[PDB]
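The data below hold one chain only, encoded as structure tokens and taken in the form deposited without this ligand.
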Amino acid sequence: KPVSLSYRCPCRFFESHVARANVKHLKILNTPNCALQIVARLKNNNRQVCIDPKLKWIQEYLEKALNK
């Protein structure tokens, strides 16, 4: 069977509404054949989700992470 395997990404979707208060750990994963995937694990849900870079607290996060 001819099967086309795409360049697999750690994320498929990105959460577009995440609470900083519910984030365990922030991890941003740039992937050579994929988009810029942000990864965060939830505290109350404890599941590791994906985050969209254009979130408001995320823009702040990137800015202040680069600023320090």
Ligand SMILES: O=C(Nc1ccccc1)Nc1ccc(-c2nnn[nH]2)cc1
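Residue indices: 1-based, along the sequence shown.
The same protein has a further form, the form solved in complex with this ligand, not shown here; the description that follows concerns it.
With a 4.5 Å cutoff on heavy atoms, residue 55 does not count as touching this ligand in the deposited complex; it lies far away. Although the partner is absent from this view, residue 42 contacts this ligand in the deposited complex, with a non-hydrogen atom inside 4.5 angstroms. In the deposited complex, 15, 17, 18, 19, 22 are the residues of 1 to 31 with at least one heavy atom within 4.5 Å of this ligand, listed from first to last.
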